[PDB]
Amino acid sequence: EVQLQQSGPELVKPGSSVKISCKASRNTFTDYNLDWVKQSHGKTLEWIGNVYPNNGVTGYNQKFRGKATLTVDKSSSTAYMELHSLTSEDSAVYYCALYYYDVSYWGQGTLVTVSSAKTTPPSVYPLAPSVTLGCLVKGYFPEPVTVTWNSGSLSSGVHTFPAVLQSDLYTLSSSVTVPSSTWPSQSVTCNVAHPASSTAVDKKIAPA
Amino acid sequence: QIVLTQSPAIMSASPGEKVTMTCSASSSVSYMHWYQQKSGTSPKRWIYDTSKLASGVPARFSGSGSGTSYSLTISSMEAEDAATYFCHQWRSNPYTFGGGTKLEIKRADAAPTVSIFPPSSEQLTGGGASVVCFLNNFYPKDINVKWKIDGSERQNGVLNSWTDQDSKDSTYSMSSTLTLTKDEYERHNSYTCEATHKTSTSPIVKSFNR
Amino acid sequence: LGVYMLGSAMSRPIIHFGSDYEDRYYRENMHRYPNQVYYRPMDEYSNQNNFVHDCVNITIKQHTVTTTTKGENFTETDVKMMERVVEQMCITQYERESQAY
């Protein structure tokens, strides 16, 4: 019943700093430990440090001293990681992880992209010809974008492909198979959200 | 800095098979922990204190080990278990993770379902012309894609992207996007996406006219 | 407080608890616990366990008053853990008094 909510993705300029949050909700533990862990390019995991949020105590990995600072607002059950003086190697997904004996919860992670590039929104184009439809989400920065279909009512037969990067710009696609007969008869929308620019785009697939 | 080394780094197993992966420490730890991470998700604690299963972890998993050698076993491999597993130690600062074992499942071979789409009228209206090819639910991963614009190949201007192995049916999926300028698109007629694959002994062709 | 003896510093030992979570906690918090013990003189005790029991209670008590003027607080996980490390320490202090001095 306890859950960890982390803050949303950040695009930061090299040299600047950012601060991310991890809020523990419906929690009832007195003394639990909160670790912070970094994941670089979908693979390698590194421990940064920890805080025991209920009285004081704070641990660091030597490698991140001078780079991360861990604190807690124990009035609102929110734990913070300050990241100083960023560079490109600090681009990564950052996780908070709660531990209390048997119990463990991990946050959904916060994507930090360190770049001098400028937030750009995507353009969404529909892909019209069981049968297969799609959405092309092209020319955005930074990651992530999430793609839903009919707001999540369409989950079976969805493929959303990882974004790949062409000339400072990301492009991803998502495809959906639906019964020959539900389309065009029923309304097919793909919903795309780019949390950085704060655009949300609902493009209907109509037959071409 | 206790170093953790996991082997193998990649492993394939058949449904039903007993699978074992090892995590080895450069020095003694008292306990080992293991995490599962699937594509898109955050790691989740799978076994803690060497042999205890976390909540919602299926019974077919087990852990053991002592000193510097620890293993994770699955008595019967299922499609859901395809994922990356990491070990982790809390013996001393800095707490470290292993580099992961990536576990994939063998399945009977399947041919891709191929769909090509022309550029939408929005795209042409503002700048360019992206022709997209989907290639879905195939096994095994090794595929290959060539575009033809009126019988001529094109390598430059083509973004490919693969999914990881599906948890339900253990297939793979790819999209190939050929992107062109409006001008070059309205200068040609026939648009073919073309895949090579173990299943068929001859190319899989999908085309359209403009 | 003039009835107590105070022992010299000792290295705090590592204690093992039966789970990694507790082992890590202890090792991460142990600098907050005492590294000297208060005791009553040896000539009041018949056996080792009675000396250890008093040394434990006296030491926990003084340490919890000294450090709540600082502005520290202790969870109950901390008092249990102090209980275990201070017991060991009281035992070592007993062996100092009776064998080594």
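Numbers in chain C track Swiss-Prot; the residues on display, in order, are 125-225.
Every residue, even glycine, has its Cβ placed from backbone N, Cα and C.
Copied over from Swiss-Prot:
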type     : residues      : note
DISULFID : C:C179-C:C214 : disulfide bond
CARBOHYD : C:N181        : N-linked glycosylation site
CARBOHYD : C:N197        : N-linked glycosylation site
Check your understanding: Cα-Cα separation of C:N181 (N-linked glycosylation site) and C:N197 (N-linked glycosylation site), in Å?
Key -> 18
Review point. So which of the recorded positions C:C179, C:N181, C:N197, C:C214 end up next to chain B, with Cβ to Cβ under 8 Å?
Key: none
Point to revise | Long-range Cβ environment of C:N197 (N-linked glycosylation site), under 8 Å and at least 6 residues apart | key: none
Exercise for review: Could you list the residues of the same chain, at least six apart in sequence, whose Cβ is under 8 A from the Cβ of C:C214 (disulfide bond)?
Suggested key: C:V161, C:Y163, C:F175, C:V176, C:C179, C:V180, C:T183
Revision key, fill the gap. Cβ contacts within 10 Å for C:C179 (disulfide bond), all chains included, total 25
